[PDB]
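Coordinates from final-v2.pdb are shown below (PDB, C-alpha atoms).
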```
ATOM      1  CA  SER A   3       0.000   0.000   0.000
ATOM      2  CA  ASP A   4       1.001   3.632  -0.168
ATOM      3  CA  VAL A   5       0.415   4.135   3.553
ATOM      4  CA  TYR A   6       3.525   4.579   5.669
ATOM      5  CA  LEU A   7       4.043   4.349   9.381
ATOM      6  CA  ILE A   8       6.720   6.724  10.616
ATOM      7  CA  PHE A   9       8.405   6.082  13.926
ATOM      8  CA  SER A  10       9.840   8.978  15.849
ATOM      9  CA  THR A  11      10.427   9.774  19.483
ATOM     10  CA  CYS A  12      10.280  12.998  21.409
ATOM     11  CA  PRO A  13      11.489  13.917  24.844
ATOM     12  CA  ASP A  14       8.160  14.826  26.394
ATOM     13  CA  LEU A  15       4.456  15.406  26.139
ATOM     14  CA  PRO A  16       4.428  18.947  24.760
ATOM     15  CA  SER A  17       6.774  18.009  21.952
ATOM     16  CA  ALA A  18       4.639  14.965  21.180
ATOM     17  CA  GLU A  19       1.506  17.084  21.274
ATOM     18  CA  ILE A  20       3.016  19.808  19.123
ATOM     19  CA  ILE A  21       4.224  17.333  16.529
ATOM     20  CA  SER A  22       1.024  15.330  16.576
ATOM     21  CA  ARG A  23      -1.224  18.341  16.273
ATOM     22  CA  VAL A  24       0.810  20.098  13.613
ATOM     23  CA  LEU A  25       1.290  17.071  11.401
ATOM     24  CA  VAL A  26      -2.443  16.362  11.474
ATOM     25  CA  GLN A  27      -3.457  20.015  11.159
ATOM     26  CA  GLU A  28      -1.184  20.511   8.193
ATOM     27  CA  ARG A  29      -2.461  17.320   6.593
ATOM     28  CA  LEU A  30       0.952  15.716   6.592
ATOM     29  CA  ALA A  31      -0.314  12.766   8.582
ATOM     30  CA  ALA A  32      -3.803  11.391   9.068
ATOM     31  CA  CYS A  33      -3.095  10.501  12.664
ATOM     32  CA  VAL A  34      -0.292  10.352  15.152
ATOM     33  CA  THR A  35      -0.214   7.999  18.097
ATOM     34  CA  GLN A  36       1.918   8.712  21.118
ATOM     35  CA  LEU A  37       3.108   5.993  23.423
ATOM     36  CA  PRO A  38       4.350   7.533  26.653
ATOM     37  CA  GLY A  39       6.856   6.199  29.168
ATOM     38  CA  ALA A  40       9.364   5.057  26.575
ATOM     39  CA  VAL A  41      13.027   4.805  27.428
ATOM     40  CA  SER A  42      15.641   4.900  24.724
ATOM     41  CA  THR A  43      19.169   3.644  25.142
ATOM     42  CA  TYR A  44      21.908   4.833  22.820
ATOM     43  CA  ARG A  45      25.509   5.968  22.902
ATOM     44  CA  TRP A  46      26.336   9.636  23.353
ATOM     45  CA  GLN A  47      30.094  10.168  22.905
ATOM     46  CA  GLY A  48      31.576   7.117  24.680
ATOM     47  CA  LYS A  49      28.738   6.743  27.178
ATOM     48  CA  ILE A  50      25.627   4.569  27.293
ATOM     49  CA  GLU A  51      22.797   7.030  27.793
ATOM     50  CA  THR A  52      19.116   6.548  28.472
ATOM     51  CA  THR A  53      16.459   9.136  27.866
ATOM     52  CA  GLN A  54      12.786   9.136  28.728
ATOM     53  CA  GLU A  55      10.752   9.611  25.600
ATOM     54  CA  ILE A  56       7.370   9.440  23.967
ATOM     55  CA  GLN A  57       7.218   7.096  21.013
ATOM     56  CA  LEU A  58       5.359   8.424  18.008
ATOM     57  CA  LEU A  59       3.630   6.402  15.356
ATOM     58  CA  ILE A  60       2.759   8.682  12.496
ATOM     59  CA  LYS A  61       0.352   7.423   9.863
ATOM     60  CA  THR A  62       0.749   9.038   6.488
ATOM     61  CA  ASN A  63       1.148   8.127   2.842
ATOM     62  CA  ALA A  64       3.970   7.963   0.343
ATOM     63  CA  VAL A  65       3.370  11.399  -1.091
ATOM     64  CA  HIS A  66       3.552  12.955   2.381
ATOM     65  CA  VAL A  67       6.338  10.929   3.969
ATOM     66  CA  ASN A  68       9.100  13.418   3.233
ATOM     67  CA  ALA A  69       7.010  16.405   4.218
ATOM     68  CA  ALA A  70       5.934  14.757   7.447
ATOM     69  CA  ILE A  71       9.533  13.924   8.271
ATOM     70  CA  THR A  72      10.870  17.353   7.490
ATOM     71  CA  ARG A  73       8.057  19.103   9.340
ATOM     72  CA  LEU A  74       8.627  16.744  12.252
ATOM     73  CA  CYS A  75      12.235  17.876  12.181
ATOM     74  CA  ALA A  76      11.214  21.517  12.087
ATOM     75  CA  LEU A  77       9.197  20.981  15.245
ATOM     76  CA  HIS A  78      11.554  18.682  17.010
ATOM     77  CA  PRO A  79      13.543  19.364  20.157
ATOM     78  CA  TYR A  80      16.261  17.071  18.912
ATOM     79  CA  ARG A  81      18.829  18.075  16.350
ATOM     80  CA  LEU A  82      18.676  14.590  14.903
ATOM     81  CA  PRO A  83      15.361  12.931  15.617
ATOM     82  CA  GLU A  84      14.355   9.412  14.888
ATOM     83  CA  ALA A  85      12.357   9.375  11.698
ATOM     84  CA  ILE A  86      12.027   6.038  10.019
ATOM     85  CA  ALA A  87       9.163   5.053   7.775
ATOM     86  CA  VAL A  88       7.860   1.595   7.185
ATOM     87  CA  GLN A  89       5.623   0.811   4.235
ATOM     88  CA  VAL A  90       2.277  -0.730   5.124
ATOM     89  CA  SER A  91       1.932  -3.961   3.173
ATOM     90  CA  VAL A  92      -1.827  -4.239   3.509
ATOM     91  CA  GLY A  93      -4.589  -2.813   5.594
ATOM     92  CA  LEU A  94      -8.261  -2.468   6.114
ATOM     93  CA  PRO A  95      -9.238  -0.841   2.817
ATOM     94  CA  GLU A  96     -11.467   1.850   4.315
ATOM     95  CA  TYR A  97      -8.731   2.670   6.788
ATOM     96  CA  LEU A  98      -6.071   3.075   4.106
ATOM     97  CA  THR A  99      -8.550   5.157   2.124
ATOM     98  CA  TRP A 100      -9.230   7.308   5.187
ATOM     99  CA  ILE A 101      -5.520   7.999   5.715
ATOM    100  CA  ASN A 102      -5.227   9.050   2.110
ATOM    101  CA  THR A 103      -8.388  11.142   1.972
ATOM    102  CA  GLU A 104      -7.406  12.963   5.158
ATOM    103  CA  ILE A 105      -4.209  14.266   3.610
ATOM    104  CA  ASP A 106      -4.590  14.116  -0.184
TER     105      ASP A 106
END
```

For this file, produce the structure as structure tokens.
Amino acid sequence: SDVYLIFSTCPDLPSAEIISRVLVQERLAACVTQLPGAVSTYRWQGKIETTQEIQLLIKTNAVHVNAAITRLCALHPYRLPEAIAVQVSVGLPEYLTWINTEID
């Protein structure tokens, strides 16, 4: 399908809310789901670091993937945010249509 799920994380609730609201308002994503209480572990210059985060699941389509990612970046606290998109293989047809009609 041409629906894509974009994963990102943000450091807290306002950033998640800002990103979620803006991406939907600007019709770059049909919906954004936040999963709070996430912890991410990564290296930050020779140190194992953990950061509390909100996980985002951004539902969009192929023609909006880049715009959603770049707008996400424009709104993001992080200099280099997670933004990775996975193509949806198949889905409930009316749901895929809804994603598309929301933003196309």

Using all atoms listed in the file, which residue out of A:36, A:3, A:27, A:11 lies closest to residue 105 (chain A)?
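The shortest atom-to-atom distance to residue 105 (chain A) comes from A:27.
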
May I ask which of the residues A:24, A:88, A:98, A:31 is the closest one to residue 66 (chain A), counting only C-alpha atoms?
A:31

Selection in question (the file shown): the PyMOL selection byres ((chain A and resi 90) around 6). Which residues does it include, as a PDB file with C-alpha atoms, in the coordinates of the input?
```pdb
ATOM      1  CA  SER A   3       0.000   0.000   0.000  1.00  0.00           C
ATOM      2  CA  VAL A   5       0.415   4.135   3.553  1.00  0.00           C
ATOM      3  CA  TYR A   6       3.525   4.579   5.669  1.00  0.00           C
ATOM      4  CA  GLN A  89       5.623   0.811   4.235  1.00  0.00           C
ATOM      5  CA  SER A  91       1.932  -3.961   3.173  1.00  0.00           C
ATOM      6  CA  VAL A  92      -1.827  -4.239   3.509  1.00  0.00           C
TER       7      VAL A  92
END
```

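Comparing A:84, A:106, A:13, A:52 by their smallest distance to residue 65 (chain A), the closest is A:106 (using only C-alpha atoms).
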
Can you spell out as a PDB file with C-alpha atoms, in the coordinates of the input the set of residues that the PyMOL selection byres ((chain A and resi 53) around 7) selects in the structure I just provided?
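Below is the file that was written, result27.pdb:
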```pdb
ATOM      1  CA  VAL A  41      13.027   4.805  27.428  1.00  0.00           C
ATOM      2  CA  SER A  42      15.641   4.900  24.724  1.00  0.00           C
ATOM      3  CA  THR A  43      19.169   3.644  25.142  1.00  0.00           C
ATOM      4  CA  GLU A  51      22.797   7.030  27.793  1.00  0.00           C
ATOM      5  CA  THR A  52      19.116   6.548  28.472  1.00  0.00           C
ATOM      6  CA  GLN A  54      12.786   9.136  28.728  1.00  0.00           C
ATOM      7  CA  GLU A  55      10.752   9.611  25.600  1.00  0.00           C
TER       8      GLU A  55
END
```

Let me know the residues the PyMOL selection byres ((chain A and resi 70) around 12) catches in the file above, as a PyMOL selection string.
chain A and resi 6-10+21-34+59-69+71-78+85-87+105

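With all atoms listed in the file as the basis for measurement, A:57 is the residue among A:47, A:104, A:57, A:15 that approaches residue 83 (chain A) most closely.
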
For a test of reading the model, state the distance in Å between CA of residue 44 (chain A) and CA of residue 12 (chain A), rounded to one decimal.
14.3 Å

Between CA of residue 97 (chain A) and CA of residue 18 (chain A) - distance in Å to one decimal
23.2 Å

Please measure the separation of CA of residue 39 (chain A) and CA of residue 82 (chain A), giving the value in Å to one decimal.
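Between these atoms lies a distance of 20.3 Å.
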
Show me, as a list in words, the residues that have an atom within 8 Å of residue 37 (chain A) when counting all atoms listed in the file, minus same-chain residues fewer than 3 positions from it.
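Listing them by chain and then by number gives residues 40, 56, 57 and 58 of chain A.
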